[PDB]
Amino acid sequence: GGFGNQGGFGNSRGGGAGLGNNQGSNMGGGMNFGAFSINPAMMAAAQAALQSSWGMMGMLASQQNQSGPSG
Amino acid sequence: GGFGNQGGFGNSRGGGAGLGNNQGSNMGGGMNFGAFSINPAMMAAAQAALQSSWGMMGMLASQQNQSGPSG
Amino acid sequence: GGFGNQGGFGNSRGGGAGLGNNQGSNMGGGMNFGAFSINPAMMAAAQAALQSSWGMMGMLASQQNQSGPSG
Amino acid sequence: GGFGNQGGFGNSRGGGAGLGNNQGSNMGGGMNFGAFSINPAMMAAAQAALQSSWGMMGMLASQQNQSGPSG
Amino acid sequence: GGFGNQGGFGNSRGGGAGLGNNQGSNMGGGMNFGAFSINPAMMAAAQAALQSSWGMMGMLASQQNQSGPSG
């Protein structure tokens, strides 16, 4: 319906195999035989994130605003 | 319906195998034979996150606002 | 209905196997044979989180506000 | 419907195999026999993220705003 | 419908094999026998991200705004 978000993320309907395998949004995982130094950032400063919708990996949202801020 | 969010996250309807396997949003896991240094940040400063909707991994939301702030 | 959020998180309807396996939003886990240094932060400062909806991993929410703050 | 977002992410409907395999948006994972130094950033400064929708990996969103800020 | 975004991400409907394999938007992963130094950035300064929609890897969004800011 209105403001509708329907994310399937079907991935492995049948199946999933393999020594290293992964479905969906992935920011690492599975098997690691060494260093894993993964630091993602999404920071806000001053008049940040106004009237926005931050998604780094696959998001789903619906939004509605009418509002005047001040500082 | 209105402001509707329906996330399936179907992933492995049939099945999931493998030495290293993972479904959905993943920020690490499974098997680790070494260092795991993973620090994600999402920080807010000053007039931050106004009229927004932060999702780093796959979110679902519905929102409605009319409001004037001050500082 | 109105302001509706219906997250399936179906994951392994059939089954899930494997030496390292995990479904849903994952921020680590399973098997760890070494260091695990994972520090995610989501901090608010000053006029932070106004009129927002923070989700880092896959959220579900519905919201409605009309309100003028001051400081 | 209106403001509709329907992400299939079908991936492996039949199946997925192989020594190193992965479906969906991927920011690393699977198998790692060495260093893994992956730091993605998406930062906001000053009048940042106004009237926008940040997605680095495949997002889904719907948005509606009418609001005059100040600083 | 209106403001509609329907990303299939069909990927391997039949199957996916091979020693190194990956579907969807990929920013690394699979198998790594050495150094992995991958740092992508998307930063905002001054009057940044106004009236925009940042996607580095394949996004999906719908947007509607009428709002005059100031500083």
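Couple of notes before you dig in:
Letters A, B, C, D and E mark the chains as written, and numbering starts fresh at 1 in each.
Rule of thumb we're sticking to: contacts are C-beta pairs under 8 Å (C-beta built on N, C-alpha and C of every residue); 3 or more make two chains touch, one makes a residue touch a chain.
Path length between subunit B and subunit C in the touching-chain graph (shortest route): 1. Over half of the residue-numbered contact pairs of A-C are shared by just one pair in A-B, B-C or A-E, which is A-E.
Rounded to a whole number, the gap between the C-alpha centres of subunit A and subunit D is 5 angstrom.
Chain centres here are Cα means. That of subunit B falls 14 Å from that of subunit E. Averaged C-alpha coordinates give centres for subunit B and subunit D that are 9 Å from one another. Multi-chain contact residues, meaning those touching two or more other chains, occur in subunit C at positions 20, 22, 26, 47-48, 50-53.
Interfaces, counted as pairs of touching chains, are A-B, A-C, A-D, A-E, B-C, B-D, D-E. Per the touch definition, subunit B reaches subunit D in the complex via residues 20, 22, 26, 47-48, 50-53, 58.
Listed in rising order, the residues of subunit A touching subunit D in the complex are 1-71. Considering their complex, residues 29-31, 44, 49, 60-61, 65, 67, 69, 71 of subunit D touch subunit B.
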